[PDB]
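Student: Please find one structure pasted underneath; my questions will follow.
With ideal geometry, Cβ positions are generated from the backbone for all residues, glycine too; neighbour counts draw on all protein chains shown. Read-outs throughout are calculated quantities, based only on the coordinates presented, and are distinct from any laboratory measurement.
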Amino acid sequence: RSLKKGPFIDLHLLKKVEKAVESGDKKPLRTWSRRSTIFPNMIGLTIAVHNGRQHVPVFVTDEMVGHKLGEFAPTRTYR
Amino acid sequence: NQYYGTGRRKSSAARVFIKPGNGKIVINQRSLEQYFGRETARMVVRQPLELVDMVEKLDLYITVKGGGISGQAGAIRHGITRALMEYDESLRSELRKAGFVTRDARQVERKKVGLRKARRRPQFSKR
Amino acid sequence: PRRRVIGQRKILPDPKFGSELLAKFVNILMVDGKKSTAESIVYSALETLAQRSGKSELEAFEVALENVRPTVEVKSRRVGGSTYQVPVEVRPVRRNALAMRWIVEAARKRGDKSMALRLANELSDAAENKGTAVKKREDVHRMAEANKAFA
Amino acid sequence: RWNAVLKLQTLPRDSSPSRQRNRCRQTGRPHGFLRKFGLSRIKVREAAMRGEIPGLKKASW
Amino acid sequence: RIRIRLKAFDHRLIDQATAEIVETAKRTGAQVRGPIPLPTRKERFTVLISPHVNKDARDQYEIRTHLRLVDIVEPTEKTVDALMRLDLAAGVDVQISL
Amino acid sequence: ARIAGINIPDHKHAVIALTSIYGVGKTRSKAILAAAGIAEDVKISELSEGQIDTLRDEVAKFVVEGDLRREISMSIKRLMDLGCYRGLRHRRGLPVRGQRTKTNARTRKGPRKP
RNA sequence: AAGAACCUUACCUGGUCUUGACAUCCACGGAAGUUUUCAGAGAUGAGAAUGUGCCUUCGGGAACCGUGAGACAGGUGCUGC
RNA sequence: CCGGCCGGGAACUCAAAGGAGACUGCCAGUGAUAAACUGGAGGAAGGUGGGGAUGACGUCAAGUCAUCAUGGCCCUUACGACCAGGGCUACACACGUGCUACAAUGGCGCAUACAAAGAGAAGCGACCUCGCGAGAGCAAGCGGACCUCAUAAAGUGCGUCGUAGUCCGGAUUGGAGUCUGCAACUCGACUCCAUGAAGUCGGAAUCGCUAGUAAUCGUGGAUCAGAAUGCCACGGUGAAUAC
């Protein structure tokens, strides 16, 4: 898609991810960052991605390699 | 010998030279006709070689820069009428009646704050 | 205007063809500063007019214009009661202006091809005196004198 | 991209040219700043008309 | 050859420095070209007047940058130093390259 | 003829005929006709049948028509079922590409509603 | 407002501090500073390294940092009637 | 090497320093003879030459306590300060101010050609090579009448399209890419391929403009990491009508 030759991911979250990868899934992790672009290693693991007032529960699945954390999170309430 | 005439219009610098002879029209070392002189200032610059005499009595050498079509023409026009003086400038007195001894002074008016162009004013809600 | 006089410059005569009247016609016709596309249109229209009619060059558009020149125009005016339309006798200059003026709007309104052709066709049905320009001329004569003496 | 080197984003993000604003040097205003004096327009005018700024004058072109 | 390109707010001021380089040069040695004029740089600004709102009227400003160029084709090397240095160049900026 | 696509592009010049098929625009039309060796000016229907049969082979190479429609619809529906914002923006019927909605969503939102 | 992705940005939900982000002022200890780490979303707290310098009158002092004290600092807060 | 290129000429252009000229002055007529006016003369410029700068006494207890200063009032372990993410860009709507269209004086294709004003060192970045292009790698020259951005477009010459929601028009949306930055996720620009809504010229009503103007096509700057259809600046083409 876009953003040139390879995306960015968050360092502090990556060390928590290696616990989630090695030990397997446990619970939604409460993360302030939305910034990371998902790649295969985050798949099958419960995380939670901030919307500016709460971490939104994303369980990661197969095609999410195409996506960032942030995309599933709603920052503007509606009727 | 040579008869020189300068002139300007709209910041276009020209340099006209005249001597006797069955002249073709030479502009920047190419013909004006090979500069599309069917269209480019087509009879416009050959104004002193209209009213007071015919074309084929003077050889002519011209070098012009700046302007577009009408921009290029008037510097050469006012240089060529001034350069028309093989035996004196007596024909300027007849060209005075025609008005081609006086170049058109006019220039573009600047942009100023609060106008769309130069006199064009914006529209404004109610009154 | 109310006070100080206006009397503008008398424009360039058209190159070779020699009609300063047709030079003024292209200056009225001119779209958006394109004097170049205007001069491109006029000769193509003038050749197609003279080719169709079988006539000579200068008098072809001139005879077409001559029928469509009325001697009067009307003005909206009021002094007492609600608005009146008042006929007045045209200036001879403004006469030739008004004939040319209605032509360009008429040429836009035709069912025809591109502009050289459609303008020559408009001149054709003013030379034949049966089209839109004669219809626009043949109005004011009826309207006058129902309304004569107001200023 | 490459290895550990792209992961070196432990920087303060105060490094970036995306970060510093270029506020008005005298007043802190973050709007109306021309770089040439490095001030917002009003303190430029306040100085210029009071003749302090060298070689500066009105324009009438 | 050796040349001075000058820069100035005032045209009548850079004029005195390029007067002084001439009369210094033909005094101490010879061979100066005087002031080649060169086109003027004009820094034209426009800025908004009001503290708040009122976009409509603004004030225009200008800084005229007068340049001059002086060359010496002078080969008298041991009077070139006497031409050099000593001048204060009319209180406005000058640069002297070879 | 239908030229292996399902559209018939009758009585056009060949570049216009090739743009008329779904999934082929002016750029792809230029590449297909240059590949087949077929001049743009010629009327498409009029040309000899083996030169049509050449185009009938050539147009089939790129993915076109209802095949390209259903592929696009499947990626939209798939993303929409993910519950992504850009996905949900499909389901809600409002600007996906971040255009303003205070004014000017009038194409995608549609006719004015009471 | 001559430039809202963070910063900008003032506001919100969150995480924090309270002589503070910045002045003026004392004491006491420490060169300033250049390296690296764990825990944290970061601010940050909590580290190990190292360095330990121009004036000196041998109680120092200026550049400058950290801690603590009280006088205080601060406010795009309010009032353009 | 017949390219202003290289002697040279500095004539001449341009530039920028300094100056001249136009003052109702020259004449006639008209006008209370005066003031003034009309017309003509001569003259490159004639009746305030054109533009710009330049804004009377005073009006709206106008606007601005958020540029700043500041009387008074208030909070001062919170209305202060620091920091992360979010918001300021929402959307059944209404309006203002702009851009782009609805085309044939035009679209689309090839060839061909005159500018004017700028800006530039954590910059601008040729040239050269590489890439579908956006762009990428290597990299001179110049703090600028030199070098760079930078190859001005409308226009003009030929050819195609022919009245159609079109070889018009671009919305929307898909897929695949490039560029900046700690960061493109809410929330960037830009490229490529594909898709091809609305619109076939807009009600009542209303705005601007008297000459290099209106109109129309390009270029540039400030702002600036990246940010424009805005604003600010420049020129090209260039009118109509004013009883």
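Student: Answer with yes or no whether residue D:60 is over 26 Å from residue E:65 (Cα atoms), small (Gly, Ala, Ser) and more than 10 Å from RNA strand G (Cβ to nearest atom). First the steps, then the outcome.
Tutor: Working: over 26 Å from residue E:65 (Cα atoms): no; small (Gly, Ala, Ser): yes; more than 10 Å from RNA strand G (Cβ to nearest atom): yes.
Considered against the rule, which asks whether it is over 26 Å from residue E:65 (Cα atoms), small (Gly, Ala, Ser) and more than 10 Å from RNA strand G (Cβ to nearest atom), residue D:60 comes out as no.
So that you can scan it fast, the table gives a plain yes or no per residue for (1) within 18 Å of the chain's Cα centre (by Cα); (2) closer than 30 Å to residue A:13 by Cα; (3) within 11 Å of RNA strand G (Cβ to nearest atom):
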| site | (1), (2), (3) |
| --- | --- |
| D:8 | no, yes, yes |
| D:16 | yes, yes, yes |
| D:29 | yes, no, yes |
| D:35 | yes, no, yes |
| D:51 | no, no, no |
| D:54 | no, no, no |
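Student: Moving on to the next point. For region B:69-82, check the following and say yes or no: at least one residue is in contact (Cβ under 8 Å) with a residue 60 or more places away in the chain, charged (D, E, K, R) and out of contact with any helix residue (DSSP H, G or I) (no Cβ under 7 Å at 6 or more places or on another chain).
Tutor: So far as region B:69-82 goes, yes, one or more of its residues are in contact (Cβ under 8 Å) with a residue 60 or more places away in the chain, charged (D, E, K, R) and out of contact with any helix residue (DSSP H, G or I) (no Cβ under 7 Å at 6 or more places or on another chain).
Student: Report, by residue number, each residue of region C:9-30 that is farther than 18 Å from residue C:115 by Cβ, among the hydrophobic types (A, V, I, L, M, F, W, C) and assigned to a helix (DSSP H, G or I).
Tutor: If the condition is that a residue be farther than 18 Å from residue C:115 by Cβ, among the hydrophobic types (A, V, I, L, M, F, W, C) and assigned to a helix (DSSP H, G or I), then C:21 is the only one that fits.
Student: Output yes when any residue across region E:60-71 is more than 11 Å from chain D (Cβ to nearest Cβ), more than 10 Å from RNA strand H (Cβ to nearest atom) and either buried (at least 16 other Cβ atoms within 10 Å of the Cβ) or outside any helix (DSSP H, G or I) (or both), and no when none is. Give the derivation first.
Tutor: Initially, region E:60-71 is screened for residues more than 11 Å from chain D (Cβ to nearest Cβ), giving E:67-71.
Those left that are additionally more than 10 Å from RNA strand H (Cβ to nearest atom): E:70-71.
Within this subset, residues satisfying the condition of being either buried (at least 16 other Cβ atoms within 10 Å of the Cβ) or outside any helix (DSSP H, G or I) (or both) are E:70-71.
Yes: one or more hits.
Student: Could you give me the residue pairs with C-beta distances under 7 Å whose first residue belongs to region C:91-108 and is more than 14 Å from chain B (Cβ to nearest Cβ) and farther than 14 Å from residue C:70 by Cα, whose second residue is more than 16 Å from RNA strand G (Cβ to nearest atom) and among the polar types (S, T, N, Q) wherever it lies, and which are 6+ apart or on separate chains?
Tutor: C:106/C:132
Student: While we're here: Within region B:88-114, how many residues are surrounded by 13 or more Cβ atoms within 10 Å (Cβ to Cβ) and either within 14 Å of chain E (Cβ to nearest Cβ) or free of Cβ contacts under 8 Å to residues at least 24 places away in the same chain (or both)?
Tutor: 3
Student: Filter region D:41-57 down to the residues that are over 18 Å from residue E:64 (Cβ atoms) and facing another protein chain (nearest Cβ under 9 Å), then identify the one that is surrounded by the fewest Cβ atoms within 10 Å (Cβ to Cβ).
Tutor: D:45
Student: Right, here's the next one. Quick check on my filter: what residues within region C:80-113 are acidic (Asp, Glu) and in a helix (DSSP H, G or I)? Before you say what the answer is, go through the steps one by one.
Tutor: If we filter region C:80-113 for residues that are acidic (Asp, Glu), which is where we start, we get C:89, C:105, C:112.
Passing the criteria: only C:105.
Student: So which residues in region A:1-32 are in contact (Cβ under 8 Å) with a residue 24 or more places away in the chain, away from every other protein chain (no Cβ under 12 Å) and surrounded by fewer than 16 Cβ atoms within 10 Å (Cβ to Cβ)?
Tutor: A:21, A:30 - these are the residues of region A:1-32 that are in contact (Cβ under 8 Å) with a residue 24 or more places away in the chain, away from every other protein chain (no Cβ under 12 Å) and surrounded by fewer than 16 Cβ atoms within 10 Å (Cβ to Cβ).
Student: Sticking with this structure for a sec: Would you please name the residue that is surrounded by the most Cβ atoms within 10 Å (Cβ to Cβ), looking only at residues in region D:4-21 that are within 21 Å of residue A:6 (Cβ to Cβ) and more than 7 Å from RNA strand H (Cβ to nearest atom)?
Tutor: In this case the residue turns out to be D:7.
Student: Could you give me the residue pairs with C-beta distances under 8 Å whose first residue belongs to region D:9-27 and is within 14 Å of another protein chain (Cβ to nearest Cβ), whose second residue is within 7 Å of RNA strand G (Cβ to nearest atom) and part of a loop (DSSP other than H, G, I, E, B) wherever it lies, and which are 6+ apart or on separate chains?
Tutor: Matching pairs, first to second residue: D:13/D:19; D:24/D:30; D:24/D:32.
Student: So, one more: Quick check on my filter: what residues within region C:109-137 are touching a residue at least 60 places away in the same chain (Cβ under 8 Å) and either out of contact with any helix residue (DSSP H, G or I) (no Cβ under 9 Å at 6 or more places or on another chain) or of a type in the set (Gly, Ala, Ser) (or both)? Quick ask: steps written out before the conclusion?
Tutor: Restricting attention to region C:109-137, the residues satisfying the condition of being touching a residue at least 60 places away in the same chain (Cβ under 8 Å) are C:115-117, C:119-120, C:123-124, C:126-127, C:129, C:133-134, C:136-137.
Hits for region C:109-137 are C:116, C:120, C:124, C:126, C:127, C:133.
Student: Could you tell me which numbered condition residue A:52 fails, if it satisfies all but one of (1) more than 14 Å from chain D (Cβ to nearest Cβ); (2) over 13 Å from the mean Cα position of the chain (by Cα); (3) over 18 Å from residue F:88 (Cβ atoms)?
Tutor: The one condition residue A:52 does not meet is (3).
Student: Another question about this same structure. Kindly state which helices (runs of 4 or more DSSP H) lie completely within region F:1-95 and contain at least 3 residues that are within 27 Å of residue A:65 (Cα to Cα) and without any contact (Cβ under 8 Å) to a residue 60 or more places away in the chain.
Tutor: On the way: elements: F:14-20, F:26-36, F:49-58, F:65-82, F:85-92.
Because the criterion is at least 3 residues that are within 27 Å of residue A:65 (Cα to Cα) and without any contact (Cβ under 8 Å) to a residue 60 or more places away in the chain, the helices (runs of 4 or more DSSP H) in region F:1-95 that meet it are F:65-82, F:85-92.
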